[PDB]
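*Asks:* Here you go, one structure.
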Amino acid sequence: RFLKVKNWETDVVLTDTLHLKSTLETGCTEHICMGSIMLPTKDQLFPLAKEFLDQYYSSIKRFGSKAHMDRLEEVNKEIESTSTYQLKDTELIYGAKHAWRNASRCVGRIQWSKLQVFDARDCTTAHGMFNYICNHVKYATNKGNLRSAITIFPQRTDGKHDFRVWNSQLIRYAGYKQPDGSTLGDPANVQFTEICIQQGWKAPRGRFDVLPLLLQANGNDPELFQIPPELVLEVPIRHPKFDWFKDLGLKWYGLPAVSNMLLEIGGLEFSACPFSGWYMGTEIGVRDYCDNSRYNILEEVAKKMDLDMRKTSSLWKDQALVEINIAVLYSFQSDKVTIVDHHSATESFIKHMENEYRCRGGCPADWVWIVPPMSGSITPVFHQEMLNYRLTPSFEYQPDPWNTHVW
Amino acid sequence: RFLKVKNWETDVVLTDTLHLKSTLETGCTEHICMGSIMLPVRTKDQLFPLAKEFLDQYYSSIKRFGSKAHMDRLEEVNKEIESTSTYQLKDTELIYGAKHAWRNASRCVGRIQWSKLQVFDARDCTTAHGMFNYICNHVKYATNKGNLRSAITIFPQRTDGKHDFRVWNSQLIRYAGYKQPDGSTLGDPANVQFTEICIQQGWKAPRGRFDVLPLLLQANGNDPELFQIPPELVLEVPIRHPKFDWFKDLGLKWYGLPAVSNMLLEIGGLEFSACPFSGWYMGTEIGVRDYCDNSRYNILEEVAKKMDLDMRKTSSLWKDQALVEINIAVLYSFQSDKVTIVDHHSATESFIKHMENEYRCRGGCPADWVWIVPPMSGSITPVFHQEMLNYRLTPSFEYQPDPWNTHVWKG
Ligand code: HEM
Ligand code: HEM
Ligand SMILES: Cc1cc(N)nc(CCc2cncc(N3CCOCC3)c2)c1
Ligand SMILES: Cc1cc(N)nc(CCc2cncc(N3CCOCC3)c2)c1
Ligand SMILES: C[C@H](O)[C@H](O)[C@H]1CNc2nc(N)[nH]c(=O)c2N1
Ligand SMILES: C[C@H](O)[C@H](O)[C@H]1CNc2nc(N)[nH]c(=O)c2N1
Ligand SMILES: [Zn+2]
């Protein structure tokens with residue numbers, strides 16, 4: 001019931017007690033572990049609201065106060081009457097920050113308290129949504145000095161009036177299938193890129209075409225909008241030692257901005273809540289560039305290095321992987337765009353974890369996602385035992401809109 | 001109940017039904033995953049169900065379930081239990097059992113080799129000297145002049161737990177580690193405590209950086225005895241790099257034979273507390289963990305210095321750059337000396353094929369992702385993108401406490 005987590009590199013042991021407040025289920029059972037699986041009414045709503053407001057007033061050292069009691073009362077009133085309720089701005093801000101704080105797969109949570117929250121609950125149209133997203137992007141990019149932010153659109157009602165951003169990130173490159181069987185651009189977006197064209201997008205059929213936004217307001221049909229290019233800060237990729245690198249023609253964007261998740265606060269569901277921070281180097285260089293199902297350029301970089309690609313045991317893949325990540329980190333720092341290497345980030349997360357164990361009594365963490373895709377065991381998170389469980393408020397996954405949307 | 005696992009690189013989906021035959025716990029609950037946690041006297045009462053369950057498996061595998069041969073064996077075992085509180089495995093059962101323990105080892109990326117395991121029955125062993133001889137023969141056979149062969153040696157099973165056989169070493173071959181007055185460490189930091197135990201037990205320590213530890217062997221619950229493995233039986237590989245001539249000057253070498261000796265083999269309710277098993281190394285085990293862990297030989301610094309990497313900011317990825325060269329060197333050295341070894345790309349690719357095969361013919365393959373995924377270059381191996389189910393089948397290898405923490409000293 002009270003749990004121990006050991007670091008095996010430093011022998012340090014923390015005691016987790018926060019997990020006893022775990023509400024949601026994990027997929028796992030006493031018989032089977034699923035830690036590596038990617039995705040496993042009025043009555044319902046009242047307790048959910050109470051649990052939240054309780055922890056809120058607790059955080060502000062005003063638990064059991066009349067302000068607490070009165071709010072619990074008032075929210076209770078509003079639910080019995082309207083079958084839902086609205087969050088005060090302070091609650092909303094607390095809720096968003098805490099959903100990040102509870103994101104077990106996020107290595108960047110040491111920054112959790114410095115989240116800019118833009119309240120877009122007054123939004124009513126796709127054009128209104130577009131305005132808010134543009135402003136989000138601009139605030140967050142900040143000429144390269146990136147800042148964490150979330151923009152929150154109206155909460156779900158009867159499920160027929162959902163607000164959705166159909167893109168998975170605010171900023172991604174298009175994917176096109178070629179007649180010659182291969183793929184141009186980003187293969188991960190071939191379907192979304194189809195839907196865009198299917199909805200009227202004029203694709204320049206290039207390799208790094210910033211996708212248009214597809215915005216759905218109030219359960220309506222989704223509309224297309226192009227982000228002003230001047231707001232999409234991109235970084236050309238060069239190597240600090242290999243001149244030929246530039247010739248590969250690689251660039252990537254500076255703003256990672258997740259837009260398809262569902263924010264749940266106090267039993268309320270915010271289906272459109274795009275949020276952004278800044279990249280860890282490996283996300284781009286390792287995943288985006290070198291994954292087979294992506295830009296998959298390892299072979300090309302390897303050939304320009306003239307490494308022996310005759311036998312896997314020359315580790316040419318690994319050698320190429322390193323230069324590529326060296327270059328990505330190099331380009332961003334050169335262009336003065338915020339980015340963090342996997343060493344510094346994981347070290348930050350260790351400090352954060354210790355902080356959370358000390359001031360909160362634990363920190364839900366998912367080892368499978370915290371450990372970077374390269375160099376895993378030379379980072380301190382590798383040797384860190386972690387406990388995974390789900391606390392609310394939270395970001396949850398949600399189905400792709402196109403499967404759901406009644407047209 | 002069916003369970004689906006997906007590969008996100010290939011979209012190959014698999015169905016698990018094998019998890020239904022799982023009985024042991026995992027550590028996880030509906031409200032917590034402990035999947036990244038490293039660690040999660042038996043009566044006639046629970047013993048016979050365990051016996052029966054095993055013998056049913058065994059006779060299914062040889063296509064003789066429900067046979068008279070099957071039934072007589074059950075009644076044989078039953079009577080042996082109620083009259084002697086334990087029972088003895090036939091040799092055929094012991095072999096079947098050890099192979100399956102490996103096959104069920106959810107943390108082992110090397111399980112594709114599981115059917116080819118030489119099993120040495122050391123159950124007639126009664127003394128430490130007898131243990132030394134068995135272990136020496138295991139090492140000689142397994143090493144096979146560098147053309148390594150998988151093997152396991154099985155010593156007598158636990159009885160009342162007051163007469164255990166144990167190998168006190170964690171691996172049959174390992175380098176000493178000595179803590180110095182100034183706080184630093186000579187040798188392998190992982191083995192400091194064991195080295196001390198040995199030294200206390202009368203081992204004369206050469207005190208170098210690559211001293212092969214002696215065997216500390218407990219037979220029948222008696223106090224353990226020291227034995228030195230004959231050096232001619234200890235295959236070692238000088239580490240050098242194919243491009244970097246200064247690399248040999250680092251003075252590194254490693255032993256060829258990975259051989260785990262502190263685990264507990266459970267078959268049909270029987271506990272075999274001494275069961276050293278060995279295979280061959282995956283490159284990263286040496287080049288990533290043994291050399292580059294902070295709490296091990298920690299040569300990342302020096303290698304990076306000699307490559308003259310930019311070590312002022314970690315953003316140069318000097319740590320990663322050096323890590324790769326060390327692993328290239330480990331592979332290059334073993335291959336050049338014709339000592340069997342596998343790189344992490346070949347190993348994980350093979351495990352993936354094995355796994356898919358296990359799903360088809362067997363209905364599943366329990367796998368611990370946290371352990372299967374290699375400790376460098378993780379996402380450019382196919383296992384990174386593979387959803388895996390973890391659960392516990394028997395027979396199995398279990399951890400067991402260190403013997404110096406439980407042993408009752410005789411004198
Ligand atoms: C500020 C710097 C940030 C860094 C360095 C960072 C880093 C990461 C990384 C590396 C992942 C792993 C996902 C993958 O590799 O595919 C991740 C996931 C995640 N991050 Fe953070 N992030 C940052 C900001 C944020 C912010 C501002 C939020 C929310 C307010 C957030 C919420 C999440 C969530 C919910 C996930 C899990 C998403 C999923 O399940 O796919 N992150 N983050
Ligand atoms: C023959 C080639 C083999 C290879 C390449 C191999 C590879 C590995 C690796 C890399 C690990 C994880 C090690 C680590 O944490 O550093 C492992 C774990 C394991 N292997 Fe294998 N192995 C092989 C043979 C065997 C054999 C013959 C057995 C038993 C008969 C076996 C049983 C196990 C067990 C029980 C574990 C879990 C160890 C632990 O929890 O500490 N392996 N294997
Ligand atoms: C804010 C942020 C910063 C950062 N450095 N990295 C990410 C991760 C982006 C990201 C990571 N993993 C899965 C998704 N998807 C969108 C959510 O649904 C699954 C796919 C997105 C997000
Ligand atoms: C047989 C075999 C082959 C191979 N290539 N690699 C290993 C490594 C097994 C291994 C890895 N890590 C810790 C332990 N220990 C044994 C259990 O107790 C802790 C030490 C064992 C074993
Ligand atoms: C905390 C975590 O479980 C621990 O560091 C594990 C992670 N994965 C591992 N994987 C392997 N192969 N070997 C290990 O020792 C570990 N250690
Ligand atoms: C199958 C496996 O769970 C899948 O590849 C996971 C593994 N770990 C990950 N870790 C991060 N950071 N991001 C990911 O997308 C994944 N994918
Ligand atoms: Zn689990």
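Starting from 1 in every chain, residues are counted up; chains themselves are A, B, ... following the order of the structure tokens, and ligands are numbered from 1 as listed.
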Can you check which residues of region 194-374 of chain B DSSP gives as helix (DSSP H, G or I) on the backbone and send them as a PyMOL selection string?

*Replies:* chain B and resi 194-200+231-233+245-250+283-290+300-306+314-316+318-336+344-362+369-372

*Asks:* Return as a count of residues only the residues belonging to chain A that are within 7 Å of chain B, counting only C-alpha atoms.

*Replies:* 43

*Asks:* Please compute the CA of residue 262 (chain A)-CA of residue 350 (chain A) distance, one decimal, in Å.

*Replies:*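 That distance, rounded to one decimal, is 26.9 Å.
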
*Asks:* Tell me, as a VMD selection string, which residues lie within 9 Å of region 297-308 of chain A, counting only C-alpha atoms; anything in the same chain fewer than 2 positions away does not count.

*Replies:* chain A and resid 242 244 to 245 248 289 to 292 294 to 295 310 to 312 314 to 317 319 to 321 323 to 324

*Asks:* Counting only C-alpha atoms and all ligand atoms, name the residues that have an atom within 6 Å of an atom of ligand 4; the answer should be given as a PDB file with N, CA, C and O atoms, in the first residue's frame.

*Replies:*
```pdb
ATOM      1  N   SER B 170      27.224 -14.246  -8.581  1.00  0.00           N
ATOM      2  CA  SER B 170      26.109 -13.882  -9.460  1.00  0.00           C
ATOM      3  C   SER B 170      26.322 -14.416 -10.879  1.00  0.00           C
ATOM      4  O   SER B 170      25.367 -14.836 -11.536  1.00  0.00           O
ATOM      5  N   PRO B 258      29.024 -15.349 -20.794  1.00  0.00           N
ATOM      6  CA  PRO B 258      28.073 -14.836 -19.800  1.00  0.00           C
ATOM      7  C   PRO B 258      27.369 -16.030 -19.164  1.00  0.00           C
ATOM      8  O   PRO B 258      26.805 -16.860 -19.882  1.00  0.00           O
ATOM      9  N   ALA B 259      27.426 -16.149 -17.842  1.00  0.00           N
ATOM     10  CA  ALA B 259      26.872 -17.335 -17.191  1.00  0.00           C
ATOM     11  C   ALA B 259      26.239 -16.987 -15.850  1.00  0.00           C
ATOM     12  O   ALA B 259      26.947 -16.772 -14.860  1.00  0.00           O
ATOM     13  N   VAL B 260      24.912 -16.953 -15.810  1.00  0.00           N
ATOM     14  CA  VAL B 260      24.214 -16.513 -14.601  1.00  0.00           C
ATOM     15  C   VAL B 260      24.109 -17.656 -13.610  1.00  0.00           C
ATOM     16  O   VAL B 260      23.780 -18.779 -13.982  1.00  0.00           O
ATOM     17  N   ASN B 262      23.023 -17.155 -10.008  1.00  0.00           N
ATOM     18  CA  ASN B 262      22.314 -16.846  -8.762  1.00  0.00           C
ATOM     19  C   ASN B 262      20.795 -16.915  -8.852  1.00  0.00           C
ATOM     20  O   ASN B 262      20.095 -16.367  -8.007  1.00  0.00           O
ATOM     21  N   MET B 263      20.280 -17.587  -9.871  1.00  0.00           N
ATOM     22  CA  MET B 263      18.841 -17.653 -10.013  1.00  0.00           C
ATOM     23  C   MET B 263      18.286 -18.992  -9.612  1.00  0.00           C
ATOM     24  O   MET B 263      19.008 -19.965  -9.449  1.00  0.00           O
ATOM     25  N   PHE B 277      23.407 -21.146 -15.649  1.00  0.00           N
ATOM     26  CA  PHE B 277      23.155 -21.256 -17.079  1.00  0.00           C
ATOM     27  C   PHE B 277      23.947 -20.172 -17.810  1.00  0.00           C
ATOM     28  O   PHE B 277      24.248 -19.111 -17.240  1.00  0.00           O
ATOM     29  N   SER B 278      24.271 -20.456 -19.070  1.00  0.00           N
ATOM     30  CA  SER B 278      25.157 -19.610 -19.864  1.00  0.00           C
ATOM     31  C   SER B 278      24.752 -19.666 -21.338  1.00  0.00           C
ATOM     32  O   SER B 278      24.162 -20.652 -21.787  1.00  0.00           O
ATOM     33  N   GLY B 279      25.060 -18.594 -22.068  1.00  0.00           N
ATOM     34  CA  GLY B 279      24.815 -18.512 -23.496  1.00  0.00           C
ATOM     35  C   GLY B 279      25.971 -17.782 -24.174  1.00  0.00           C
ATOM     36  O   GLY B 279      27.135 -18.191 -24.061  1.00  0.00           O
ATOM     37  N   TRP B 280      25.657 -16.699 -24.882  1.00  0.00           N
ATOM     38  CA  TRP B 280      26.681 -15.811 -25.419  1.00  0.00           C
ATOM     39  C   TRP B 280      26.212 -14.361 -25.332  1.00  0.00           C
ATOM     40  O   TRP B 280      25.020 -14.082 -25.205  1.00  0.00           O
ATOM     41  N   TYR B 281      27.158 -13.439 -25.412  1.00  0.00           N
ATOM     42  CA  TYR B 281      26.879 -12.047 -25.102  1.00  0.00           C
ATOM     43  C   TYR B 281      26.228 -11.343 -26.265  1.00  0.00           C
ATOM     44  O   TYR B 281      26.546 -11.609 -27.429  1.00  0.00           O
ATOM     45  N   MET B 282      25.312 -10.438 -25.944  1.00  0.00           N
ATOM     46  CA  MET B 282      24.897  -9.418 -26.891  1.00  0.00           C
ATOM     47  C   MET B 282      25.844  -8.240 -26.623  1.00  0.00           C
ATOM     48  O   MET B 282      26.090  -7.895 -25.460  1.00  0.00           O
TER      49      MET B 282
END
```

*Asks:* Looking only at strand (DSSP E) from DSSP on the backbone, list the matching residues of region 87-312 of chain A as an NGL selection string.

*Replies:* :A and (116-119 or 149-152 or 164-165 or 175-177 or 183-185 or 213-216 or 223-225 or 234-236 or 251-253 or 257-258 or 262-265 or 268-270 or 275-276 or 279-280)

*Asks:* Using only C-alpha atoms, which of the listed residues (A:38, A:190, A:203, A:12) sits closest to residue 366 (chain A)?

*Replies:* A:38
